[PDB]
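**Student:** curious how this folds, go ahead:
(2 chains)
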Amino acid sequence: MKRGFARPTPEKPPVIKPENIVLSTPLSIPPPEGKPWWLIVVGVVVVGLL
Amino acid sequence: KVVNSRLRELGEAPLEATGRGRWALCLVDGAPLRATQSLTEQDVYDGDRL
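**Tutor:** Residues are numbered from 1 along each chain as shown, chains lettered A, B, ... in the order given. Coordinates below:
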């Protein structure tokens, strides 16, 4: 002998929420801008020699 | 009788006691069941422990 059991309407399960995400594009390395170092080196010599 | 018979096949000593009293079925707290009523009258169903 067993106890009776009637199955009711199922309870609401917790809802799953999807997500579409697009990534951030990485930074770009700065190209090599360059100073004319030798010019100012000769400069301080000429003004000094005067 | 069947419990004592089965105990011997397992190699266990049969149920035995000394002194004035009697043998009966009890719940986990030691409370004995009613001697004159059906197991269907009491709250007993398949899989209970006694």
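
**Student:** can you pull the phi/psi pair for the spatially most central residue of chain A?
**Tutor:** Closest residue to the average C-alpha location of chain A: residue A:24 at 5.5 Å, with Cα atoms, centre = their mean. For residue A:24, the backbone dihedrals (degrees, to the nearest 10) come out as phi -70, psi 130.

**Student:** what sits against it?
**Tutor:** Applying Cβ atoms under 8 Å, 6 or more residues apart in numbering or on different chains to residue A:24 gives no contacts. Yep, even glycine has a C-beta here, placed from its N, CA and C like the rest.

**Student:** please tell me how far it sits from chain B.
**Tutor:** Noted for residue A:24: a distance of 60 Å to chain B, by Cβ to the nearest Cβ, to the nearest Å.

**Student:** any idea how far that residue is from residue B:18?
**Tutor:** Note on residue A:24: its distance to residue B:18, by Cβ to Cβ, to the nearest Å, is 86 Å.

**Student:** next one: residue A:9
**Tutor:** 60 Å.

**Student:** how far away is the residue nearest the centre of chain B from residue B:42?
**Tutor:** Among the residues of chain B, the one closest to the centroid is residue B:25, at 3.6 Å (Cα atoms, centre = their mean). With distances taken as Cβ to Cβ, residue B:25 is found 10 Å from residue B:42.

**Student:** what does residue B:14 give?
**Tutor:** 27 Å.

**Student:** how about the residues of chain B that lie near chain A?
**Tutor:** Chain B comes close to chain A at residues B:40, B:45, B:46, as judged by Cβ under 8 Å from any Cβ of the partner chain.

**Student:** thanks again, I'm all set now.
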